[PDB]
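Q: I have a structure here, written as structure tokens, and I will follow up with some questions on it.
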Amino acid sequence: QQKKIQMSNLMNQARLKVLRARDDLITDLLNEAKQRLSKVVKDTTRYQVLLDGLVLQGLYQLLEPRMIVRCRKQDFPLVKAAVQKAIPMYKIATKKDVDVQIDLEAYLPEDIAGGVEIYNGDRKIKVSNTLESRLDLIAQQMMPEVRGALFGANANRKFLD
Amino acid sequence: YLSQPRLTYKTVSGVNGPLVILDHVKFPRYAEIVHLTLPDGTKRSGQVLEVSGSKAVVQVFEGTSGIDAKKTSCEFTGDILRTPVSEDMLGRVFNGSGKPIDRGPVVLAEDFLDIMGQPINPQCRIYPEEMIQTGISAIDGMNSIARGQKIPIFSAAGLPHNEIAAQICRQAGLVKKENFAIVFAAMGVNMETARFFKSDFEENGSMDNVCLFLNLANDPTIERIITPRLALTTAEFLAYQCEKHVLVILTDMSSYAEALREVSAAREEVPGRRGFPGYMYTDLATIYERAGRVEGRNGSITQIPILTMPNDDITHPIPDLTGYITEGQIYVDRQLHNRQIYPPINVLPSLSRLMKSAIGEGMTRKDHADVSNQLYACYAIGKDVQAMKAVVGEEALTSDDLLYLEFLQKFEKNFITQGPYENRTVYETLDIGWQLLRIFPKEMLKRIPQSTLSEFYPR
Amino acid sequence: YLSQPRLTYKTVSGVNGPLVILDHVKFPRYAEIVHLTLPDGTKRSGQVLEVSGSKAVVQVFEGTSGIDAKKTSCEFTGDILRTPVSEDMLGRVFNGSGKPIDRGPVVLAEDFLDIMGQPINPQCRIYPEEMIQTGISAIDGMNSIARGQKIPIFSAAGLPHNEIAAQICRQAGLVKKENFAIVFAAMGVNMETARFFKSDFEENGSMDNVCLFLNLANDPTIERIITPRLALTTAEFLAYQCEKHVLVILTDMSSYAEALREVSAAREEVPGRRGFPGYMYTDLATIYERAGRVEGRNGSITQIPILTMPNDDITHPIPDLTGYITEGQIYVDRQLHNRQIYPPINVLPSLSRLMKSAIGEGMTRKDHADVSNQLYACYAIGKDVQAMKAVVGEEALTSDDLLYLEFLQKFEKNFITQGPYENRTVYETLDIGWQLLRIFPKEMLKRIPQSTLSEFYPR
Amino acid sequence: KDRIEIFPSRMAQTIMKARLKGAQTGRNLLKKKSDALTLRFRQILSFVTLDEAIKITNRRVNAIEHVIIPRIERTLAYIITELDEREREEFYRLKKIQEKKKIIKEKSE
Amino acid sequence: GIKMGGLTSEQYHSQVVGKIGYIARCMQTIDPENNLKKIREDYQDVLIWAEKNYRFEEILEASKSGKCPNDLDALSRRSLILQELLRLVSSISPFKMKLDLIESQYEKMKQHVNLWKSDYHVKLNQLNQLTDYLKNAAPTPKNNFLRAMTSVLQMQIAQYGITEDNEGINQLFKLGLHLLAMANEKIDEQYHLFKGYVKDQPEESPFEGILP
Amino acid sequence: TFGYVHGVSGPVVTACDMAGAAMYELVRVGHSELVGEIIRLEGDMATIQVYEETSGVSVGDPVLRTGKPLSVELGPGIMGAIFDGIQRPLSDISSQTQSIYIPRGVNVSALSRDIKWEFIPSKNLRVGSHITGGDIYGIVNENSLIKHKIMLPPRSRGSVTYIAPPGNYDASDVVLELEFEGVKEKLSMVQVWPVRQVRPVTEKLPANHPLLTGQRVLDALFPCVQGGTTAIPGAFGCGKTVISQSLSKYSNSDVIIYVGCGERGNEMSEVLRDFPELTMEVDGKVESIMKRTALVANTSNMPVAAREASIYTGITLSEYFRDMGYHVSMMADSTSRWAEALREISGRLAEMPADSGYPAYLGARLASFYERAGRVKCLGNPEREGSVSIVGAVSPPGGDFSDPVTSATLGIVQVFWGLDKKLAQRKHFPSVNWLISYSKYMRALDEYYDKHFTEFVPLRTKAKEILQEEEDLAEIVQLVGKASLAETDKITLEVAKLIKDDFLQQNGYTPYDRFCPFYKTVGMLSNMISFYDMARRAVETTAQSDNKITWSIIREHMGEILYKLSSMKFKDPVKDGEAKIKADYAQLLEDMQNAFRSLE
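Protein chains in written order, with the deposited numbering: chain K, 66 to 226; chain F, 39 to 215, 225 to 506; chain D, 39 to 215, 225 to 506; chain H, 4 to 48, 154 to 217; chain S, 7 to 218; chain C, 17 to 616.
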């Protein structure tokens, strides 16, 4: 009688063991991706293009009469250019005159790979537009395709509807 | 995917019980999921119930204690509640929110489904056919469950509805004259019973084919509402996309109904009949009717909702509104329980409207229908004779009456009484039936054709 | 008269159920009529049930389906629904809105009367002291009808209350040993019922003295609560200005009550019983009390507000509130109908509150009152005997009880049963009464004095 | 008389349903007693004692069927109706409370 | 809401204009040569409004003003009679009916209390059932028998009419309808049924000169 | 034509910038085009009741205003299709998506626009002619059974300016153009009619023609008439299938409409699976029932607006064909399911409840529903006639008759075909209760019966008297055992059994008894009642003294006659023609009278 219970516990824990191992593979892959993105932000021209995009997308989502851009101190020269470009593009697209300032007193922690945060005039609304947040957001939304690519498709799934 | 950075708001207009009222929110959605961060670093989840312009109203899943109107931040996801589903999640145990509580990893999704889903297009619905045997004779040889029907277990409070539900999960399967799974959702379950389900499923080796959702009595009441939707959302994925048959057991729908009333009050809706929302009817149908067979696919979903009857009154809106939209009933009694009969299921008031199609040659055995009808009449007569005996005495009875009393006593002792760990297949249940029927001479078995008797009656 | 031009508005504030709310209205008048045109040219009307400042709430008769908010054009007539009335309305057929539906012209008014009417000064109201001979023994004997009396027939769905009312229309005369103008309000009925009465009135050769108002089951439910007022308003013209004796019959008043209940719910008024407005009694009195003779004028109005009793419940608010207002009821039931007894009139729960003055010396025959009272005693006792005998058996009865069963059996088939075209006089009815009373010995006829028994009983 | 005259309540509803079940069981058990006596009576046809026993049992059964249960059913239906009437007045008050709250909120804006 | 019968004020007069135009169309369709002088006269009050361009609106005003015969019930009965006469001659279109018989049948209908429920109406409904079926029918013994028998039936109606009851026509109606309802799979029964007709017909060559 | 969403409080959506909107108009809310209706209006804002789930709807979403209120799309292609309660083709949704679900915000046109229909003009109309509402200007050839007549939409008239020539047209083309007072209207083959509006007719006529169902019971004793309204109880064991199949397969109506209101998923599947497999002989060919049927399917989890609207969608489709001159028979699978949907909406709108929790207007809605049925004189110059019958079922919770929905229905319908479960348990079909069932059209049909059959009426009167007496004698038999019983009562009991066994009982699974023509039904009853009278006379005229006739003598003496009477149901109308069956029944009548004659 007790032998049956022992077999159940061994098989059930064995299933969890392999599932945890698969979750470690995903975790390690995401950590490697973060290191690869760190290598990207070490660039200059490619990173400035990312900043041009990130600032524009932040501004378009917040749509406030006044905005403050907060960034890592070492990235200020590049963000300055990104804001100067984002402003005339924003105004044309939205037809709203928004005063966009950069925060020169507070800066993002230097351990963040890169990206920006966008605050409204009273600093009560913030846009989580850093690179690490965007990567985590996309990695989860696209995760079903990661599963299949790495470990194979579900052989028992016949209808995708 | 959206690939749009999330907005986090620190603007709070006020907090009122379970609700947090936000301000200056950009294009909020109804039913949007948000996450709160309290000043102590504590995180909470919630869902937007009303969006009146920029005034979004969010119900917090956990308690609202500790939330202020100055520092608490609200992160919006930009989307609604969509459950990650996969085949691998079968064999896992989750809480009401869909999070693992079995020390395993988070589900690695194959897709994301809206838990509310859609109604199944009736043009592609297939009438129920084959049977799914439960292993419990009282509901295999008397009121079997067709492969596609929805038949509830009504019980009074205090009866062993949870022990039977667990037994069905351990024993249920196909007739076998690898493609069968059970999805079990317990709403409002107390800690002692929740442990019972988790441990009993793991120990007996059944977990490989069970997806278990536990929503505890002290868990958020809103999570109790999605719990049955998550269970069915998984069932729909497993059944219709992965070509397999799924048995879904929804335990304590009465506790769900109470959680639904709480949500209605949060919306300041005027209560309807007996305090319940006027839309309780469609809400139960929304859950119950996400089942059955579909054209062109080999999967199926069945349901066995289990409901506690308040004050043991079948008239109460909960069992009344349920039964009105389900196909028959199992009905667990109290007299059989007090007499120490397990399972305590009373065959006379029970009914399975689809049994006519569930059983018969090619699905169970040729004689299934005939044995059931004769046993039912014999039990009904035995009860009638027992009532007579109590008035006229034993000496006033004739031989035929004594045979019915012998059947009545041995029927309950051998056929209905089973034990929680004896698994009686459909063929053993019928053989037990014949052992009781061979008490009577052939001429008294009026409901069994002579051809059936000549084949099965002897030996 | 009103010489100033009426104003037209496009200022509708909003629409909530059957009520269209206007703003920016100049000096709104309470209970004034508004005509409105929909964007597609449809014309509808309604009444202002509330005014406040520049706002007014208009209840639309035809309905609010298709009512716009920007293009809707409304004009205020500047007065209350005063309706055209003329003598030559007799022989015309109108709808529930007061318009002709017989392909004849509109009413060429002799005057305009306020549909709301006025209460008759109780100092000039003259107590009814004349009897109408209905020809039905069940009525003329035990529940006489006076000219100016209010007597509805309490009935139930499926019973021939329409045949009884039709019969009364043809064979209703006087006991002074006469052509009544009939106003028939057919509201909440199907085509066949309205055609039944219209055909019968022509078959009787009396159509030139009949004014019909039709509002059928497929017509608006709000017009169903002015149709009675339109019928009675015409009756008042004929009776009190042209000294014509008028018989006003209102079909199932329960369709009036249901139409009123819908309006009460729409306006969120204080309910009383079964969801009906707490003012249901006052509203019914406004309709019912438009009856009776007036001193110094030779006209009269007699009403028969027949109503269907929901689920045969004699305590339902409709028959209950009516019973409090009208001078008793005729009341038919299913126990007589289910035995093919016509007319199926049950005298026991019935009464006529003017009978005591319309019968006896100088009116019918001096023994009238005595015969009726004893027949009531014998009939009720016979019913009591059946209630006993159903349990104790015939062998438990004595000769004193069998006499009441003999009376009851002969009473129902000789006194109540007549047939649709059996027209008996009041004198024949009393003679029949005696034939049944002579079943008992003098000593048992305890409601009749010996000063009456000694003269009539021996014959 | 017509009703047991128990004030409308959920407690009374529960009691009447239990009382009705008891009355129905008594009717059936006494009917079976009568049927058993009737069979023995017809088989014999200590005889007059059976004729009295049958009439006495049938009289009690008839009273349950024609007097006691009808009265329980009328009482139960009365209770059910009165309970819905109480539910309605609670609904009415709650509706007006919700409307008054909405009106108060608009004034504050 | 004048609601004259089932119609409102505008609908009532619109239906009157329609029925008048319809009669004019039926009269020209049934008698394009204006040969049926007696029948046309019975409709002069509605044909006088024909052959004029009123753009609907001017004849509609004439109806509202009362210049047209705007009684809806009189037009309903009179229109039905004319179109039932059209069915009589239309359903036998392969054959010509004598003008005297057309007027005779017309007068018998005009005198009928309730033409819609007459045996005349039913007989035409059975005929149209049989002649509509054959409009789109495959070659096969059954359909060849029905087509041959229908041509005789149409020939006889053209000569006797329908109101003038004739045992010969009535018997042919029964045989045609009985064949029509007969199972398509059964061949021997429909063969024997047709042969019964051919041998029982009083003449020797029932179809000679009737069909090609 | 667009507004914007101002806010969402659940299933209720508040719109702004929506000034140009009418109450009970239609809107398509959000980017998924969710179906809903406008109920309350205030200023330029509107309150929208959304039928489907509102999850995901944002503030600022568009709202598309649709000018027409809830309406049914009427035109070619309606036949053979299965619709949602708000007129959404389920057979196209499941086939254009390859899904098993009804998509949220699904927008499939009620009638497909890719079919090239065969259209033939009337050939009587010309350009410049006058046409009015209800006029027919051409016919579409759909199938071998039902011609789909194209009528001018009601509330339209004018001069014809264009008539399409005969040819192949789809539902998006222009077939007829007409001008009224300078305004030109271009009409296709499809018309739209608000579902809550009653389609006008010229006049509403009395119903006099019987509804010729194939059952001996539910015809001889309890007649229904074309245009009449009846109710049928719907319980698991009542055997309602017999009426549904018998009515849909062999009825003398032209078009069958089956309306679900909000039943169990598996029950909707059973109807959808059974119907396509039903056939009937027509012109000697076996045709599928779906060529002359339309079906509306609604399960309990469908949007409540559809479940409530389903009943009116069905009857609107019914009236559409009624206006063609067809006789239409509509069955509502459960009017209790509809009433439940209606109560739910009243609850959502926080309306004050009335009787047993139902809306105060429940009765008014049911009364106006059934009033729409009946025989009518159609609109249009063709002077055609038709009818709509309703055979809606009732299934109150608990099986009681106290529920306002069943009580109100019984006060409206003129025929009640009360079914029972005990009869089904006894294997006696059709399961007709007899004592509860009634018909109030017996007088209306007396003219038909007198004109065509003459003896039918006294026979059905005697038959009910015999059956009622059999019930009345039940107490005497129980206390007696047919010993101390009159011989005349023995005739009643034993003959009543004969009636119950070999007349009122009918076995629809036998090829000879699939459908009993009326002339056979009255033939069978005539001989049984003639026997009854002969047996009564044989006993009564000889019951004085010395030499009397008893039932034991009659039964033993002429047992072959009782057998021949029982054998009468086996006269297969498919093989034995009208003359042969009548001839055989005449022979039994003669043999029967002579059998009694030999006793005197």
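Ideal placement from N, C-alpha and C gives every residue a C-beta, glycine not left out.
Verify the CB distance criterion: does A161/H have a CB-CB separation below 8 angstroms to chain F?
A: Not an interface residue.
Q: Just the C-alpha distance for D478/F and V418/F, rounded to the nearest angstrom, thanks.
A: Rounded to the nearest angstrom, the two C-alpha atoms are 9 angstroms apart.
Q: Helix, strand or coil for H184/S per DSSP?
A: Reduced to three states, the DSSP call for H184/S is helix.
Q: Closest by CA to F612/C, which one among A180/C, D592/C and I565/C?
A: Nearest of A180/C, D592/C and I565/C to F612/C, Cα basis: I565/C.
Q: What residues from the segment 320–354 of chain D come within 7 angstroms of chain H, judged by C-beta to C-beta, listed N to C?
A: Flagged, chain order: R320 and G322.
Q: Could you confirm whether any beta carbon from chain H is found closer than 8 angstroms to the beta carbon of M368/C?
A: Judged by the 8 angstroms Cβ criterion, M368/C is in contact with chain H.
Q: Between the C-alpha atoms of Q97/F and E309/F, what's the straight-line distance to the nearest angstrom?
A: Using only the alpha carbons, I get a separation of about 12 angstroms.
Q: Does the beta carbon of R129/C come closer than 8 angstroms to any beta carbon on chain F?
A: For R129/C, the answer is no, since every Cβ of chain F falls outside 8 angstroms of its Cβ.
Q: Would you kindly work out how many angstroms separate the C-alpha atoms of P267/D and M238/D, rounded to a whole number?
A: About 15 angstroms.
Q: Whole angstroms are fine: how far does the CA of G434/C sit from the CA of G346/F?
A: Spanning the two alpha carbons is a distance of roughly 40 angstroms.
Q: Helix or strand or just coil, what does DSSP make of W133/C?
A: Strand at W133/C.
Q: Three-state secondary structure (DSSP) at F432/C?
A: Of the three classes helix, strand and coil, the one that applies to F432/C here is strand, per DSSP.
Q: If the cut is a Cβ gap below 8 angstroms, which residues of chain F does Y117/C touch?
A: Ordered by position in chain F, the residues that pass the 8 angstroms Cβ test against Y117/C are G155, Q156, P157, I158 and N159.
Q: Alpha carbons only, please: which of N262/D, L297/D and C289/D is nearest the one belonging to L279/D?
A: Measuring from the Cα of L279/D, the nearest candidate turns out to be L297/D.
Q: Can you find a C-beta in chain F that's less than 8 angstroms from the C-beta of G373/C?
A: So yes, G373/C belongs to the interface.
Q: Please list, in chain order, all residues of the same chain as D380/F whose beta carbon is under 6 angstroms from its beta carbon, the five residues on each side excluded.
A: Closer than 6 angstroms at Cβ, skipping near neighbours: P391 and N393.
Q: Let me make sure I understand the geometry here. Which of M356/D, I428/D and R271/D has the alpha-carbon closest to that of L449/D?
A: It is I428/D.
Q: Could you work out which residue in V421/C, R323/C and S107/C is closest to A370/C when comparing CA atoms only?
A: Selected option, being the one with the closest Cα: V421/C.
Q: Apart from the five residues just before and just after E191/S, which ones in its own chain have a Cβ nearer than 7 angstroms to its Cβ?
A: For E191/S, where only same-chain residues beyond five positions count, there are no Cβ hits under 7 angstroms.
Q: Per DSSP, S90/D is paired with what?
A: Beta-bridge pairing links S90/D to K93/D.
Q: What are the boundary residues of the beta strand (DSSP E) that includes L57/F?
A: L57 to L60 is the extent of the beta strand (DSSP E) around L57/F.
Q: I need the straight-line Cα distance from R163/F to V341/F, nearest angstrom please.
A: Using only the alpha carbons, I get a separation of about 5 angstroms.
Q: Verify the CB distance criterion: does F199/H have a CB-CB separation below 8 angstroms to chain C?
A: Yes, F199/H counts as interfacial toward chain C.
Q: Which stretch, first to last residue, makes up the alpha helix (DSSP H) that contains residue 219/S?
A: No statement about residue 219/S is possible, as the shown extent of chain S runs from 7 to 218 and does not include it.
Q: If you drop the 5 nearest sequence neighbours on each side, which residues of the same chain put their C-beta closer than 8 angstroms to that of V148/K?
A: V120, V134, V165 and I167, listed in sequence order.
Q: For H415/F, count neighbouring C-beta atoms within 10 Å of its own C-beta (all shown protein chains included) and say buried if the count is 16 or more, exposed if not.
A: Result: buried.
Q: Report the residues of the segment 20–35 of chain S with a CB closer than 9 angstroms to any CB of chain D, ordered along the chain.
A: From the segment 20–35 of chain S, no residue has a Cβ closer than 9 angstroms to chain D.
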